[PDB]
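Beneath this line is the structure, given in structure tokens, with notes to follow.
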Ligand SMILES: *[C@@H]1O[C@H](CO)[C@@H](O)[C@H](O)[C@H]1NC(C)=O
Ligand SMILES: *[C@H]1O[C@H](CO)[C@@H](O)[C@H](O)[C@H]1NC(C)=O
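Residue numbers (the numbering used here), protein chains in the order written: chain A, 1 to 193; chain B, 194 to 463; chain C, 464 to 642; chain D, 643 to 820.
Here it is, written out as structure tokens:
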């Protein structure tokens, strides 16, 4: 289970098949750990259903639904599931196989850099920060196994209407330098020190 | 009474009105997080608050995969259990019309999962309406000895950053916690802000090889340039940890890893 | 002795050619008179008396109630059919066929074929004498519902002194009793 | 054309009595009894193939109660007009001497759905052994009901079905004998 789908500010179309003849089909999104937000429901007699930016197709011939989300924001990143009750059966809803969606922003003005940050007070035990790189840059895992590198994430500065990518690299090693902290396929432009 | 259900059409409220009895539905799932020693029972409660359920549903989900339905609970009595699915490694008790209890009898590391319950409103009939709880995030460990609260530090933004981007990125670092039961929140001048924040979606094991290594999580707060540069502003990273209860056994020298909030603070400079 | 007030909702599904065509009615009756109905073949609620008007008007104004009503044909009727089909649509019970003479006040003066305890209702009872069908000279009770998922009937031939032949879905070849 | 399933319910004031049943081609599949709050299949054997939760129907009747009180007021309190029933008594099968049978009291074509019913053997009321259906619907929207009494046929006994209804001036006393 789990198909992966990745994009920008474009239309996202996600598919969801099911095993039995149906009555109600409900679409859900889930973030991580907890979540579960009900999105929409289409019924076994209806073909098309519109609500907000969302649109649902149902084709009971091929036992398949489609979810079209149209002007995709960053905060649309989630798992997308659809659940169905079988006709002439029990009350139970059974969950179809899902799609993982990643919506990456458009970094129109990239200025990629790695900056050094120090703790206060103590120890000191510094972190490196890879930031302001375009959404086409992959961050890979650490060379030395006692260094730690997070995945890239989006920040939204609503007050300035500005988005930025960032990843963090840190170690409590004494010799750990920001200069070659990453060493794993970056854009060759970044400011240092 | 067997399996397949005759549906009924839900009676409409006439003009004259109006919603009358119910008209809504939330379900509550407690506890939200669990840490138990392997060999002990774990008990989860599923309550309908606004409405009444004749029937409730327990789902299990593992990190990557999808939601497996496991059992249906019914008011008097039997538990069914989907195929399948270890049958009575758990007990389901539904004798409330408002409360169904999933108790996992033995509980081993392989049972560390996300559990989530749902309830059908019995007023719905033909349009088969159900509602999900927030969930329960259980992790079982071989020894409660392994439980550690997060150490949390906040790192002041680079002077190179402000020179060159006219912006300031604080990064917070919650370090060395087990289990994976945290929620990080940034606080500026007494109020919490979401309004320029990035917490990485999942943490990372500090000893990836090790079956139950500790975790580390990061977050960045990036708001202004001038804003960082006045000493009146108070930046605070807050990490809610969910650890052992007061009824748990603790015999070590070090402080009991009770559920707590560990925090780090910084101040504007110039 | 006190005045009484009565309210009947009726929710009916009408099945044609199996499940290929379905018609769903939602019907409401104050005292004996119908007031408002949803009809799957109409598509919204209609008032049938002035009493039902505000109900019809108000239910029509709700997108979701209307969407639900229009779904019933699939989500309720066709659902329910498949649930009960096994033991209702496919129910088959053999009749027990008795023949005895009777009187109406005189030997005596008519023969009775008694066919009891059968399901479903549709049946063909006919009288024979020496191989010839006695088309005229016979009376019946008609079909009688017993209320327990069996029917019964009595078909009487008036001739002073014979074969009774009963065709029915439950048996592969017609039941005969001779007298 | 060929098959009809009806979910049929009523609520009646001021008696405060409601019913809920499913009907297939003029036969009861099941009903739920409000008093006992349980769902009762017309034939035991039905219940092995299908389920219905009684508490759904109870919820539906509450709304029906609510709605009836709106329509009563909306109509300026115009009462139902009583239609008296039509009683007839017949045997389950051809009557043989001392071979087990069932008497059927068939109560037809009436409203409202309140009826006091008594079996009598030789003029003496028969309490135990009796069985009944609920109020079944009709297409003309009157009601219908069956009472049952299993018996050993004999020269000895006469039987009666005494039926009381508000449409009847006189209690209807339908006679059967061997
Ligand atoms: C009856 O149903 C069958 C298939 O189940 C279909 O082929 C046929 O067209 C239907 N009859 C009529 C009268 O349309
Ligand atoms: C309605 O019924 C009441 C009670 O019998 C009566 O007093 C009144 O005149 C009636 N009004 C109308 C609108 O017919």
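For every residue, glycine included, the Cβ atom is placed at its ideal position computed from N, Cα and C.
In the three-state reduction of the DSSP assignment, residue 346/B falls in the strand class.
Residue 246/B is positioned such that its CB atom lies no closer than 8 Å to that of residue 295/B.
Classified as buried, residue 735/D has 16 or more neighbouring CB atoms from the shown chains inside 10 Å of its CB. Straight-line measurement puts the Cα of residue 449/B at about 9 Å from the Cα of residue 342/B. Per DSSP, the continuous alpha helix (DSSP H) segment holding residue 715/D begins and ends at 696-716. Residue 394/B has its alpha-carbon roughly 51 Å from the corresponding atom of residue 519/C. The beta carbon of residue 481/C sits closer than 7 Å to at least one heavy atom of ligand 1. Of all residues in the segment 468-481 of chain C, only 472, 474 place a beta-carbon less than 8 Å from a beta-carbon of chain B.
In the DSSP assignment, the residues bridged to residue 477/C are 486/C, 646/D.
When only Cα atoms are considered, residue 104/A and residue 402/B end up about 31 Å apart. A distance below 6 Å between beta-carbons, with the five flanking residues on each side excluded, links residue 755/D to the following residues of its chain, in chain order: 777, 785.
One Cα belongs to residue 524/C, the other to residue 218/B, and the distance between them is close to 23 Å. The nearest non-hydrogen atom of ligand 2 is 7 Å or more from the C-beta of residue 544/C. For residue 531/C, the uninterrupted alpha helix (DSSP H) segment begins and ends at 526-535. In the pairwise beta carbon analysis, the segment 424-432 of chain B is classified as touching the segment 333-348 of chain B: at least three pairs are separated by under 8 Å. The beta carbon of residue 93/A sits no closer than 7 Å to any heavy atom of ligand 2. At least one heavy atom of ligand 2 falls within 7 Å of the beta-carbon of residue 719/D. Under a 10 Å Cβ-count criterion, residue 787/D is classified as buried, with 16 or more other Cβ atoms of the shown protein chains found around its own Cβ.
Excluding five sequence positions before and after residue 696/D, the CB atoms of its chain that fall closer than 7 Å to its own CB belong to 674, 679, 680, 681, given in chain order. Listed along chain A is no residue with a C-beta nearer than 7 Å to that of residue 424/B; the closest approach is about 13 Å.
Taking the Cα of residue 20/A as reference, the smallest distance to any Cα among 124/A, 60/A, 71/A, 179/A is reached at 60/A.
For residue 415/B, no alpha helix (DSSP H) run applies; the uninterrupted beta strand (DSSP E) run containing it begins and ends at 408-415, by DSSP.
By alpha-carbon distance to residue 638/C, the top candidate from 590/C, 595/C, 500/C is 590/C. Per DSSP, the unbroken alpha helix (DSSP H) holding residue 542/C starts and ends at 542-551.
Only residues of its own chain outside the window of five on either side were considered, and among them 802, 804 have a CB closer than 7 Å to the CB of residue 815/D, listed in chain order. Put simply, the CB of residue 90/A is far from chain C, with every gap to its CB atoms at 8 Å or more. For residue 767/D, the CB contacts under 6 Å within the same chain, skipping 5 residues up- and downstream, are 760 in chain order. Judged by DSSP in its simplified three-state form, residue 27/A adopts strand. The three-state reading of DSSP puts residue 660/D in strand, counting E and B together. The Cβ of residue 263/B sits no closer than 8 Å to any Cβ of chain D. As a beta-bridge residue in DSSP terms, residue 746/D pairs with 732/D, 790/D.
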